[PDB]
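Okay, so here's the structure we're looking at.
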Amino acid sequence: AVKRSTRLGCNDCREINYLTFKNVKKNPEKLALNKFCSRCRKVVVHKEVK
Amino acid sequence: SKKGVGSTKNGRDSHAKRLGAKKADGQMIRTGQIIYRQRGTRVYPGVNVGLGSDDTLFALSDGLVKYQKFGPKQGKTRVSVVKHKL
Amino acid sequence: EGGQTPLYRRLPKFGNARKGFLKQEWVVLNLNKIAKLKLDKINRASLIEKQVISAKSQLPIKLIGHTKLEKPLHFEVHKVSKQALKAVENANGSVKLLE
Amino acid sequence: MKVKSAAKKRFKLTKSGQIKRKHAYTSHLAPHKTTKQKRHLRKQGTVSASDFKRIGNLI
RNA sequence: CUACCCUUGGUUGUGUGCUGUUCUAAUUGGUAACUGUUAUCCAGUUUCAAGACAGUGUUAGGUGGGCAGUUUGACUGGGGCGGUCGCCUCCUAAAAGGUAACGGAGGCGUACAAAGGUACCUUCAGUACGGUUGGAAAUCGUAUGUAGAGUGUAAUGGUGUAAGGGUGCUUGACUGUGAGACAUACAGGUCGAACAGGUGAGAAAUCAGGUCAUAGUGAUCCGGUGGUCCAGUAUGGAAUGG
RNA sequence: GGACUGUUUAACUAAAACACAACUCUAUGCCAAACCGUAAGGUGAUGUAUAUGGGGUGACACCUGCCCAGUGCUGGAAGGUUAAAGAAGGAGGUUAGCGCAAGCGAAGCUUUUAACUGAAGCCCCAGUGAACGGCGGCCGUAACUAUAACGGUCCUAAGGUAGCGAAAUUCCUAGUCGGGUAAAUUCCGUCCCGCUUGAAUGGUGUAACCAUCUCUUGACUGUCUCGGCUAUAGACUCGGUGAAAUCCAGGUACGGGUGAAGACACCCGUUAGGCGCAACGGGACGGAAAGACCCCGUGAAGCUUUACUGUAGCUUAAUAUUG
RNA sequence: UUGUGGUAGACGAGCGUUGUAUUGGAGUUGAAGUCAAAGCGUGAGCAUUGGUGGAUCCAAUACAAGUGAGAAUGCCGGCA
RNA sequence: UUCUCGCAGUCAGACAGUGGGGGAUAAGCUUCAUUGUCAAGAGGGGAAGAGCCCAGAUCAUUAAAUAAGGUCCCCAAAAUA
RNA sequence: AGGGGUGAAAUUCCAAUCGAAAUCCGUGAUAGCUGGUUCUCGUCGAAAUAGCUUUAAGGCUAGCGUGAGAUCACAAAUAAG
RNA sequence: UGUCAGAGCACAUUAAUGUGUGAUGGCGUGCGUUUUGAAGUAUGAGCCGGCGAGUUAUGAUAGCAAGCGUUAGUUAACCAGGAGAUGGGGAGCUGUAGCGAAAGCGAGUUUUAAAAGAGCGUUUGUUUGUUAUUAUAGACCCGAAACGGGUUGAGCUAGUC
RNA sequence: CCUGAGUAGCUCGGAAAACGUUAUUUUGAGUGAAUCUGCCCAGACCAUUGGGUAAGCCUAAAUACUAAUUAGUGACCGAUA
RNA sequence: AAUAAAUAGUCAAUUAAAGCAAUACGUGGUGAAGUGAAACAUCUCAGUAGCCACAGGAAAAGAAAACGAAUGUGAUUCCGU
């Protein structure tokens, strides 16, 4: 269908973390959130990776 | 006779999800087990009953399911769980 | 099954890179079964006369178990189990780890 | 007879029978399911009650 | 001046295959003569015509029902034409569930980083009244007003201090799980206590495992990307595999 | 209608079918094009453009019109696309060694794709009509009308030329009208709103001819009103021999009703001494072919095609032959 | 006490039949064979005798089966 | 009528009643739900009758009493007001 | 002399019938489709639904049957509240 | 179109309510097949008689029973012999540990940070004979036109010399 | 000094090897080596290590078969076999 | 002989089969379809069937650039695993 998926990766451990749905038709603005990370066992800021 | 005509768009029955009070009065039900399943509110939670976030009901504590009628003309229904302490 | 997709075909596959090889052959020795039999200085020369292994034996040894015994176990084996080590060493036997 | 090797590439022999398997929904994509049912998928599963006769005859 | 970047044209300038040539010795010839032989076969000696061509062989192409093997779904008040094939809501459906139809309706292949979560604040729509443009109907103030307002939307139910409108922080729109359960031919689908870590909001108790829910979706093969405490055909690697 | 002497699907149909000279278009200059087959070899052919092969119509008279939009064909060369193949390279890996590590990396070899050259062919442009093929609609328009000579407009590449036309072609339509005919859904002539006539899958006519089709008439009659007679060979008898198909068993009525839904057997009522002969046949859902009409089969077989995949074959190119 | 309708279908118990292996028995004073007859049995089955016949047969048990016929538009042959 | 196993048969059902849909509230019509029968199980009544009622049958017997149903004759038994 | 020929062409013909002769073998081909498939007795004893299926007269599971072993009173219905 | 009764008729036994026959009375739509359902005007069967369709080899599962057993048991093939049973011959097999993809660990293992939770396990037989079902092989039987290749064929017919 | 040269390889297609073309073996085309401190092999492949030394020929014996002869056997058939 | 020589060719002589068949097995080469896959186009029977060729009483492969991963075995072939 309308392929809208964007995969999320870590900034330091570079682990692939989550699949989210990003609204570029409204904003091309990049998003950097913080979520779980296993290799360091804590909440770390992750980004999107194309 | 037998000929093809325009469309009379479907009345095909969507898969009927089983709904209703899976548990009845007089039964001992522990924590976790669900009681009533609905998509569209008709019964309310009282105490000791948990609301799974699809308008679904389940038991929060061990006890017996019990009903209460109330509202503007006692048509509204709220469900709860009564305890039996030793 | 009368024209359906087979169950083993709708299931995911199990992958392994040991393909082109086989599992690692080793003869097992557990404390429970050897408790029935009486023998000391258990080696290659011991199991052949007890018919446990063949004359063409080439398989190395596991030692396995944590049960208790009152006999002086005497093994000369390639590897061991730590619980088995505790069990044999408490019994005042002999422990030889001969790879 | 012979043994259906293609089938047995997908099972894992277990003690006293009672074959197990992997939760089966993954070939092409999963950007439609919540992580809860994802980790339900991550668990290995077992065959149902009825399919024991349907699998044993293959063995 | 020092240079760089350009454009078109001219000089040769090194190589790239080429349609253009010369010669005959490869080679061709259903040119012609002679010996076998007196033989419309043939071979040899050759002449002539040519000729590095053609043809042959391999390869790569384009073309090629001439031919070869196959296919040309199902459902159905006969068949074909028509229409339909997945999932969601209402009625049918006999106040439990479930209940057919080539039954009537509607729909869909979603959107949202906020329209969520948190903490706080706040409420009908509408009627009438009086009020600069301002008229059926703009918005202000007041009372009236029990839902006819909104509910991200197709529908259903509920949602009157709310799941709605606004304000501040944030992306729990977590990880590993998971007792217990619902419905269940398989596939499967659905919730969820609770534990442990990490958090966030809130003073905190508490809440946050996405949206008020019911739809927004396809098994499996195959190939790929990132990471990986996995293996490495004697070994060490490596490739590749997991 | 066919021109015609002509040919045929033995054993359903014989001709308006086929052939047919004649004409038409195209291709072919020798070891020819073309054909058989794998190939020698052979035909065409011991042929040589007044010749051959293929295609089309089908005496003859007079004509065959518009369009190359698309495809088919032919040519062309600027331009874009285009395989294989040749190879300026690229990075990775082993580590001799350099290396405290961290790593770097000689040479050899492997991995793998690329700068560039790169045929035919496709797109391109012209021609191509007795090729495949087709040849439109609307609106307005004329001092009686009606109509459309005409013009404009939308699209196409082009909007049917001539001719004929209710006919082997026309649903409407048993069109109108005329005659024919006592009495005309048939006949023909005739007017042309021809759903779509229509020019080489020809058009209009064409004398003879056709076991051709159709209509009328003359004679002619048992075709008919309208049936009868005679003689034969049986069928009838006697004599010689002497089958066949079919068959669960039959001591095998009628009416009504029921019934697997149409009765010789069922139920209810009526009727018939036993056994034959000549017979003609109502039925026994008569006999004779697991129904060919019809459905299904994930049947088969055959047929066609721009359905899929390939091949025979044709054509273009690199290579060894090959200087 | 329940019992005993019964389709496909399932469970259960048996009979006969050909040969082999044994302990036995009979046989021109007529075996197996055949048909006839006023039998036996819960069933597959078992008989008694006569006549024709002229030579091997039968009881009990164990084994193995080309081991049980109304149908197949059945076949073969024959008679209707 | 739960648990494990073997063997199954089995997806072309029909009829009667009750409620609907289509149909035309027409249908020995079609399709769903419910109660019974036949199929899969014979019989007495309905004049016979596949589904209706009474009903559920080991065999034999020259027993009786009933069910539905019936009692003018066939054809079993009835009369009284 | 037959993925052939022949042919004044219609599927003409090919040893009395051919959309590609007759025969050999492959082959005991295949056919979700019919027809049939042989001793007795005892007992229990069905369905004809749902879902899926290039599936619709083929198949698979659940369901409803049976045999054996069970669980065997917190299990199952039959009455009432 | 026979049964149940029944005269009547004629004889006299596997000693048996004797046998044989039956004027009449009561009753009464064949056999299978497919099937919702066939008495059927659905299908097939003239008939007698012969014959005529569940097996083999391997193997799995399950059942019954037996043997064996607490490291058992089982020998294949092969050699020896009455081509016999059998003897020799463990070569392998089931089991005593499984878990995980694996390294590896081990009554623990897998995920995980987790020896948290969860899943598996927390020993439960061997070899035979028989039976039932079943997969490979034409594997109940009979049946399709067909398809492939190889042969016989132009003297019918067609044509040609 | 020698020990088998259009050879092994290499490129494009192939087959077999239990493999769907993959180490290995074979070739259809082109290409094309090395000489003892040599080569190749060790399922791509390098280094180390180890194995054995192609591009020459032949070879019994176990193992296959029974139309024929001889003898015998048979829970083989007994004239629709 | 062409062509002088020599060859081609011709003439004369010696040696072996050529052939058939044990209706089977050995090898080499050519080399199917049908069927299954519930269709079918990869596969599948199968390198089977069939055809061609040379022989034998057997024939073929055969003496390590072998297998392969072990301080390994040491022609080829056959049988169970």
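Every chain in the structure tokens takes a letter, A first, then B, and so on in the order presented; its residues are numbered from 1, and the ligands are numbered from 1 following the presented order.
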(request) Would you kindly report the residues of chain D within 12 Å of chain J, using only C-alpha atoms (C1' of nucleotides), as an MDAnalysis selection string? (result) chainID D and resid 1:4 12:21 39:40 42:46 53 56:59
(request) Go ahead and compute the interatomic distance for atom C1' of residue 20 of chain F and atom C1' of residue 10 of chain I, in Å to one decimal. (result) 18.5 Å
(message) Applying 12 Å and only C-alpha atoms (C1' of nucleotides), which residues near residue 68 of chain K remain after dropping the ones on its own chain fewer than 2 positions away? List them as an MDAnalysis selection string.
(response) (chainID K and resid 66 70) or (chainID L and resid 22)
Go ahead and save the picked residues with C-alpha atoms (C1' of nucleotides), as a PDB file, in the first residue's frame.
ATOM      1  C1'   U K  66      20.622 -70.297 -17.455  1.00  0.00           C
ATOM      2  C1'   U K  70      22.550 -84.846 -16.379  1.00  0.00           C
TER       3        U K  70
ATOM      4  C1'   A L  22      21.371 -68.989 -25.445  1.00  0.00           C
TER       5        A L  22
END
(request) Considering only C-alpha atoms (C1' of nucleotides), return as a list in words whatever protein or nucleic-acid residues lie within 8 Å of segment 3-10 of chain G, sequence-local ones (same chain, fewer than 4 positions apart) excluded. (result) residues 7, 8, 9, 40, 41, 42, 56, 57 and 58 of chain H; 65, 66 and 67 of chain I
Output file for the selection above: C-alpha atoms (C1' of nucleotides), as a PDB file, in the first residue's frame:
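Just written: part30.pdb:
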ATOM      1  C1'   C H   7     -11.016 -47.808  13.227  1.00  0.00           C
ATOM      2  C1'   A H   8     -14.253 -45.051  10.897  1.00  0.00           C
ATOM      3  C1'   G H   9     -18.645 -43.379   7.994  1.00  0.00           C
ATOM      4  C1'   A H  40     -30.812 -45.621   9.104  1.00  0.00           C
ATOM      5  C1'   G H  41     -36.746 -48.813  11.795  1.00  0.00           C
ATOM      6  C1'   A H  42     -40.777 -52.997  10.330  1.00  0.00           C
ATOM      7  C1'   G H  56     -40.105 -48.481  18.756  1.00  0.00           C
ATOM      8  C1'   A H  57     -40.882 -55.105  17.048  1.00  0.00           C
ATOM      9  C1'   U H  58     -35.713 -61.183  20.606  1.00  0.00           C
TER      10        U H  58
ATOM     11  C1'   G I  65     -20.045 -43.401  15.668  1.00  0.00           C
ATOM     12  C1'   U I  66     -17.552 -47.293  17.772  1.00  0.00           C
ATOM     13  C1'   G I  67     -13.700 -50.351  20.252  1.00  0.00           C
TER      14        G I  67
END
(request) Measuring atom to atom with only C-alpha atoms (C1' of nucleotides), identify which of I:60, I:8, I:16, I:48 is nearest to chain C. (result)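 The shortest atom-to-atom distance to chain C comes from I:60.
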(message) Can you tell me which residues surround segment 32-45 of chain K at a distance of at most 6 Å, considering only C-alpha atoms (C1' of nucleotides), apart from same-chain residues fewer than 4 positions away, and format the answer as a PyMOL selection string?
(response) (chain F and resi 110) or (chain K and resi 23) or (chain L and resi 65)
(request) Excluding segment 47-60 of chain K and any residue of its chain fewer than 4 positions from it, enumerate the residues within 8 Å of it, using only C-alpha atoms (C1' of nucleotides), and give them as an MDAnalysis selection string. (result) (chainID E and resid 234:236) or (chainID F and resid 94:95) or (chainID K and resid 4 7:8 39 41) or (chainID L and resid 64:66)
Near chain A, which residues of chain D fall within 10 Å when you count only C-alpha atoms, and what do they look like as a compact mmCIF listing (two decimals) with N, CA and C atoms, in the first residue's frame?
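result-v1.txt, freshly written:
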# COMPACT_ATOMS: atom_id res chain seq x y z
N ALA D 30 6.71 -6.63 8.31
CA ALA D 30 5.84 -6.49 9.47
C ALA D 30 5.74 -5.04 9.95
N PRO D 31 5.44 -4.06 9.07
CA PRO D 31 5.19 -2.70 9.57
C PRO D 31 3.71 -2.46 9.83
N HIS D 32 3.03 -3.45 10.39
CA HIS D 32 1.60 -3.33 10.67
C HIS D 32 1.20 -3.89 12.02
N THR D 34 1.77 -4.47 16.37
CA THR D 34 2.32 -3.88 17.58
C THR D 34 3.37 -4.80 18.19
N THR D 35 4.29 -4.20 18.95
CA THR D 35 5.45 -4.93 19.45
C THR D 35 5.04 -6.08 20.38
Interface rows for chain C against chain D: nearest pair, Å to one decimal, 7 Å, only C-alpha atoms, as a Markdown table:
| residue | atom | partner | partner_atom | distance |
| --- | --- | --- | --- | --- |
| C:8 | CA | D:7 | CA | 5.2 |
| C:11 | CA | D:24 | CA | 5.3 |
| C:12 | CA | D:24 | CA | 5.9 |
| C:13 | CA | D:10 | CA | 4.6 |
| C:14 | CA | D:10 | CA | 5.3 |
Save out the residues we just selected, N, CA, C and O atoms, as a compact mmCIF listing (two decimals), in the first residue's frame.
# COMPACT_ATOMS: atom_id res chain seq x y z
N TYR C 8 3.93 -27.53 6.68
CA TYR C 8 5.38 -27.37 6.70
C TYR C 8 5.84 -26.33 5.69
O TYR C 8 7.01 -25.91 5.71
N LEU C 11 5.14 -22.67 7.39
CA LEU C 11 5.95 -22.48 8.58
C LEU C 11 7.31 -21.91 8.20
O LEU C 11 7.78 -22.10 7.08
N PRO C 12 7.95 -21.18 9.10
CA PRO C 12 9.31 -20.69 8.82
C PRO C 12 10.34 -21.80 8.89
O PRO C 12 10.16 -22.82 9.56
N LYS C 13 11.44 -21.58 8.17
CA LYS C 13 12.51 -22.56 8.11
C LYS C 13 13.46 -22.38 9.29
O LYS C 13 13.52 -21.33 9.92
N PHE C 14 14.21 -23.44 9.60
CA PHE C 14 15.23 -23.41 10.64
C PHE C 14 16.59 -23.47 9.95
O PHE C 14 16.89 -24.44 9.24
Determine, counting only C-alpha atoms (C1' of nucleotides), which protein, DNA and RNA residues have an atom within 10 Å of an atom of segment 14-28 of chain H; residues of the same chain fewer than 5 positions away are not included. Present the result as a PDB file with N, CA, C and O atoms (P, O5', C5', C4', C3', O3' and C1' of nucleotides), in the first residue's frame.
ATOM      1  P     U E  92     -32.793  -7.877  13.372  1.00  0.00           P
ATOM      2  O5'   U E  92     -33.198  -9.027  12.344  1.00  0.00           O
ATOM      3  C5'   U E  92     -34.383  -8.937  11.566  1.00  0.00           C
ATOM      4  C4'   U E  92     -34.138  -9.394  10.149  1.00  0.00           C
ATOM      5  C3'   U E  92     -33.805 -10.869   9.977  1.00  0.00           C
ATOM      6  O3'   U E  92     -34.964 -11.684   9.910  1.00  0.00           O
ATOM      7  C1'   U E  92     -32.225  -9.558   8.798  1.00  0.00           C
ATOM      8  P     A E  93     -34.996 -13.116  10.636  1.00  0.00           P
ATOM      9  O5'   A E  93     -34.481 -12.810  12.111  1.00  0.00           O
ATOM     10  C5'   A E  93     -34.468 -13.828  13.106  1.00  0.00           C
ATOM     11  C4'   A E  93     -33.195 -13.806  13.916  1.00  0.00           C
ATOM     12  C3'   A E  93     -32.815 -12.449  14.506  1.00  0.00           C
ATOM     13  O3'   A E  93     -32.163 -12.650  15.759  1.00  0.00           O
ATOM     14  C1'   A E  93     -31.091 -13.197  13.077  1.00  0.00           C
ATOM     15  P     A E  94     -32.936 -12.340  17.133  1.00  0.00           P
ATOM     16  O5'   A E  94     -34.376 -12.983  16.922  1.00  0.00           O
ATOM     17  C5'   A E  94     -35.417 -12.755  17.862  1.00  0.00           C
ATOM     18  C4'   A E  94     -36.445 -13.858  17.838  1.00  0.00           C
ATOM     19  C3'   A E  94     -36.172 -15.055  18.735  1.00  0.00           C
ATOM     20  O3'   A E  94     -36.505 -14.823  20.090  1.00  0.00           O
ATOM     21  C1'   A E  94     -36.882 -15.798  16.605  1.00  0.00           C
ATOM     22  P     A E 100     -25.397 -16.416   7.875  1.00  0.00           P
ATOM     23  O5'   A E 100     -25.215 -16.932   6.381  1.00  0.00           O
ATOM     24  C5'   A E 100     -24.826 -18.272   6.106  1.00  0.00           C
ATOM     25  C4'   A E 100     -25.722 -18.885   5.063  1.00  0.00           C
ATOM     26  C3'   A E 100     -25.992 -18.012   3.846  1.00  0.00           C
ATOM     27  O3'   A E 100     -24.983 -18.145   2.861  1.00  0.00           O
ATOM     28  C1'   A E 100     -28.038 -18.862   4.691  1.00  0.00           C
ATOM     29  P     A E 101     -24.412 -16.855   2.092  1.00  0.00           P
ATOM     30  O5'   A E 101     -25.522 -16.546   0.993  1.00  0.00           O
ATOM     31  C5'   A E 101     -26.031 -17.575   0.157  1.00  0.00           C
ATOM     32  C4'   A E 101     -27.365 -17.183  -0.424  1.00  0.00           C
ATOM     33  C3'   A E 101     -27.413 -15.814  -1.084  1.00  0.00           C
ATOM     34  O3'   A E 101     -26.955 -15.832  -2.426  1.00  0.00           O
ATOM     35  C1'   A E 101     -29.228 -16.028   0.411  1.00  0.00           C
ATOM     36  P     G E 103     -30.213 -13.393  -3.990  1.00  0.00           P
ATOM     37  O5'   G E 103     -29.874 -12.764  -2.564  1.00  0.00           O
ATOM     38  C5'   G E 103     -29.673 -11.366  -2.402  1.00  0.00           C
ATOM     39  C4'   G E 103     -30.617 -10.786  -1.377  1.00  0.00           C
ATOM     40  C3'   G E 103     -30.618  -9.273  -1.242  1.00  0.00           C
ATOM     41  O3'   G E 103     -31.384  -8.634  -2.247  1.00  0.00           O
ATOM     42  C1'   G E 103     -30.615 -10.273   0.908  1.00  0.00           C
TER      43        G E 103
ATOM     44  P     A F 261     -44.697 -41.888  -9.320  1.00  0.00           P
ATOM     45  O5'   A F 261     -45.261 -40.572  -8.618  1.00  0.00           O
ATOM     46  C5'   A F 261     -46.621 -40.185  -8.784  1.00  0.00           C
ATOM     47  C4'   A F 261     -46.747 -38.857  -9.495  1.00  0.00           C
ATOM     48  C3'   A F 261     -45.823 -38.667 -10.696  1.00  0.00           C
ATOM     49  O3'   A F 261     -46.496 -37.907 -11.700  1.00  0.00           O
ATOM     50  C1'   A F 261     -45.409 -36.971  -9.103  1.00  0.00           C
TER      51        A F 261
ATOM     52  P     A H  33     -29.254 -23.268  10.137  1.00  0.00           P
ATOM     53  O5'   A H  33     -30.174 -23.012  11.409  1.00  0.00           O
ATOM     54  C5'   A H  33     -29.882 -21.955  12.309  1.00  0.00           C
ATOM     55  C4'   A H  33     -31.066 -21.629  13.181  1.00  0.00           C
ATOM     56  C3'   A H  33     -31.727 -22.803  13.880  1.00  0.00           C
ATOM     57  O3'   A H  33     -31.038 -23.185  15.058  1.00  0.00           O
ATOM     58  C1'   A H  33     -33.379 -21.396  12.927  1.00  0.00           C
ATOM     59  P     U H  34     -31.017 -24.721  15.522  1.00  0.00           P
ATOM     60  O5'   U H  34     -32.479 -24.967  16.104  1.00  0.00           O
ATOM     61  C5'   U H  34     -32.935 -24.263  17.249  1.00  0.00           C
ATOM     62  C4'   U H  34     -34.388 -24.547  17.523  1.00  0.00           C
ATOM     63  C3'   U H  34     -34.786 -26.015  17.517  1.00  0.00           C
ATOM     64  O3'   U H  34     -34.499 -26.665  18.742  1.00  0.00           O
ATOM     65  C1'   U H  34     -36.331 -24.772  16.229  1.00  0.00           C
ATOM     66  P     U H  35     -34.000 -28.192  18.748  1.00  0.00           P
ATOM     67  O5'   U H  35     -35.345 -29.037  18.868  1.00  0.00           O
ATOM     68  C5'   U H  35     -36.233 -28.840  19.957  1.00  0.00           C
ATOM     69  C4'   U H  35     -37.647 -29.213  19.591  1.00  0.00           C
ATOM     70  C3'   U H  35     -37.873 -30.665  19.199  1.00  0.00           C
ATOM     71  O3'   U H  35     -38.008 -31.525  20.318  1.00  0.00           O
ATOM     72  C1'   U H  35     -38.921 -29.250  17.623  1.00  0.00           C
ATOM     73  P     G H  36     -37.465 -33.036  20.245  1.00  0.00           P
ATOM     74  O5'   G H  36     -38.512 -33.781  19.304  1.00  0.00           O
ATOM     75  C5'   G H  36     -38.244 -35.082  18.798  1.00  0.00           C
ATOM     76  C4'   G H  36     -39.296 -35.513  17.806  1.00  0.00           C
ATOM     77  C3'   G H  36     -38.873 -36.581  16.806  1.00  0.00           C
ATOM     78  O3'   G H  36     -38.969 -37.894  17.331  1.00  0.00           O
ATOM     79  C1'   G H  36     -39.957 -34.814  15.668  1.00  0.00           C
ATOM     80  P     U H  37     -38.054 -39.075  16.737  1.00  0.00           P
ATOM     81  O5'   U H  37     -38.626 -39.315  15.268  1.00  0.00           O
ATOM     82  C5'   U H  37     -39.906 -39.897  15.066  1.00  0.00           C
ATOM     83  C4'   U H  37     -40.255 -39.976  13.599  1.00  0.00           C
ATOM     84  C3'   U H  37     -39.279 -40.745  12.722  1.00  0.00           C
ATOM     85  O3'   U H  37     -39.503 -42.144  12.766  1.00  0.00           O
ATOM     86  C1'   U H  37     -39.847 -38.689  11.683  1.00  0.00           C
ATOM     87  P     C H  38     -38.310 -43.174  12.454  1.00  0.00           P
ATOM     88  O5'   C H  38     -38.090 -43.055  10.881  1.00  0.00           O
ATOM     89  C5'   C H  38     -39.096 -43.465   9.965  1.00  0.00           C
ATOM     90  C4'   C H  38     -38.785 -43.000   8.566  1.00  0.00           C
ATOM     91  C3'   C H  38     -37.468 -43.490   7.986  1.00  0.00           C
ATOM     92  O3'   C H  38     -37.602 -44.775   7.400  1.00  0.00           O
ATOM     93  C1'   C H  38     -37.719 -41.154   7.594  1.00  0.00           C
ATOM     94  P     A H  39     -36.310 -45.607   6.936  1.00  0.00           P
ATOM     95  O5'   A H  39     -35.834 -44.881   5.598  1.00  0.00           O
ATOM     96  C5'   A H  39     -34.530 -45.091   5.075  1.00  0.00           C
ATOM     97  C4'   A H  39     -33.867 -43.788   4.707  1.00  0.00           C
ATOM     98  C3'   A H  39     -32.375 -43.707   4.996  1.00  0.00           C
ATOM     99  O3'   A H  39     -31.592 -44.275   3.960  1.00  0.00           O
ATOM    100  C1'   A H  39     -33.445 -41.795   5.875  1.00  0.00           C
ATOM    101  P     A H  50     -45.185 -44.501  -0.289  1.00  0.00           P
ATOM    102  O5'   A H  50     -44.728 -43.854   1.095  1.00  0.00           O
ATOM    103  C5'   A H  50     -44.299 -44.664   2.182  1.00  0.00           C
ATOM    104  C4'   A H  50     -43.506 -43.862   3.182  1.00  0.00           C
ATOM    105  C3'   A H  50     -44.027 -42.459   3.454  1.00  0.00           C
ATOM    106  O3'   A H  50     -45.050 -42.446   4.434  1.00  0.00           O
ATOM    107  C1'   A H  50     -41.711 -42.362   3.004  1.00  0.00           C
ATOM    108  P     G H  51     -45.894 -41.109   4.721  1.00  0.00           P
ATOM    109  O5'   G H  51     -44.985 -40.290   5.744  1.00  0.00           O
ATOM    110  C5'   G H  51     -44.585 -40.866   6.983  1.00  0.00           C
ATOM    111  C4'   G H  51     -43.386 -40.168   7.575  1.00  0.00           C
ATOM    112  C3'   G H  51     -43.622 -38.730   8.035  1.00  0.00           C
ATOM    113  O3'   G H  51     -42.868 -38.477   9.220  1.00  0.00           O
ATOM    114  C1'   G H  51     -41.890 -38.780   6.425  1.00  0.00           C
ATOM    115  P     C H  52     -43.494 -37.584  10.401  1.00  0.00           P
ATOM    116  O5'   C H  52     -45.020 -37.389   9.984  1.00  0.00           O
ATOM    117  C5'   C H  52     -45.578 -36.088   9.845  1.00  0.00           C
ATOM    118  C4'   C H  52     -47.029 -36.056  10.260  1.00  0.00           C
ATOM    119  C3'   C H  52     -47.384 -36.868  11.495  1.00  0.00           C
ATOM    120  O3'   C H  52     -47.094 -36.185  12.702  1.00  0.00           O
ATOM    121  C1'   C H  52     -48.942 -37.332   9.781  1.00  0.00           C
TER     122        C H  52
ATOM    123  P     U J  36     -28.604 -38.772  -1.948  1.00  0.00           P
ATOM    124  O5'   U J  36     -30.012 -38.802  -1.201  1.00  0.00           O
ATOM    125  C5'   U J  36     -30.110 -38.405   0.158  1.00  0.00           C
ATOM    126  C4'   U J  36     -31.534 -38.411   0.656  1.00  0.00           C
ATOM    127  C3'   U J  36     -32.401 -39.579   0.213  1.00  0.00           C
ATOM    128  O3'   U J  36     -32.198 -40.727   1.020  1.00  0.00           O
ATOM    129  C1'   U J  36     -33.609 -37.533   0.032  1.00  0.00           C
ATOM    130  P     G J  37     -31.774 -42.130   0.362  1.00  0.00           P
ATOM    131  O5'   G J  37     -33.136 -42.714  -0.222  1.00  0.00           O
ATOM    132  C5'   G J  37     -34.247 -42.967   0.628  1.00  0.00           C
ATOM    133  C4'   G J  37     -35.547 -42.718  -0.090  1.00  0.00           C
ATOM    134  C3'   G J  37     -35.796 -43.575  -1.323  1.00  0.00           C
ATOM    135  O3'   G J  37     -36.331 -44.847  -1.005  1.00  0.00           O
ATOM    136  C1'   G J  37     -36.215 -41.307  -1.840  1.00  0.00           C
TER     137        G J  37
END
(request) Would you mind writing down, as a VMD selection string, each residue of chain B that DSSP on the backbone assigns to strand (DSSP E or B)? (result) chain B and resid 20 to 21 29 34 to 37 43 to 45 49 to 52 56 to 59 63 to 70 76 to 82
Chain C residues within 8 Å of chain E, counting only C-alpha atoms (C1' of nucleotides): which ones, as a PDB file with C-alpha atoms, in the first residue's frame?
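So selection02.pdb came out as:
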ATOM      1  CA  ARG C   9       5.328 -24.845   3.850  1.00  0.00           C
ATOM      2  CA  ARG C  10       3.465 -22.095   5.706  1.00  0.00           C
ATOM      3  CA  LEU C  11       5.953 -22.478   8.581  1.00  0.00           C
ATOM      4  CA  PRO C  12       9.305 -20.687   8.821  1.00  0.00           C
ATOM      5  CA  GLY C  15      18.700 -22.369   9.515  1.00  0.00           C
ATOM      6  CA  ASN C  16      22.032 -23.861  10.514  1.00  0.00           C
ATOM      7  CA  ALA C  17      25.588 -23.461   9.253  1.00  0.00           C
ATOM      8  CA  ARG C  18      26.799 -26.818  10.609  1.00  0.00           C
ATOM      9  CA  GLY C  20      28.596 -29.781   5.505  1.00  0.00           C
ATOM     10  CA  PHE C  21      29.535 -31.150   8.935  1.00  0.00           C
TER      11      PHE C  21
END
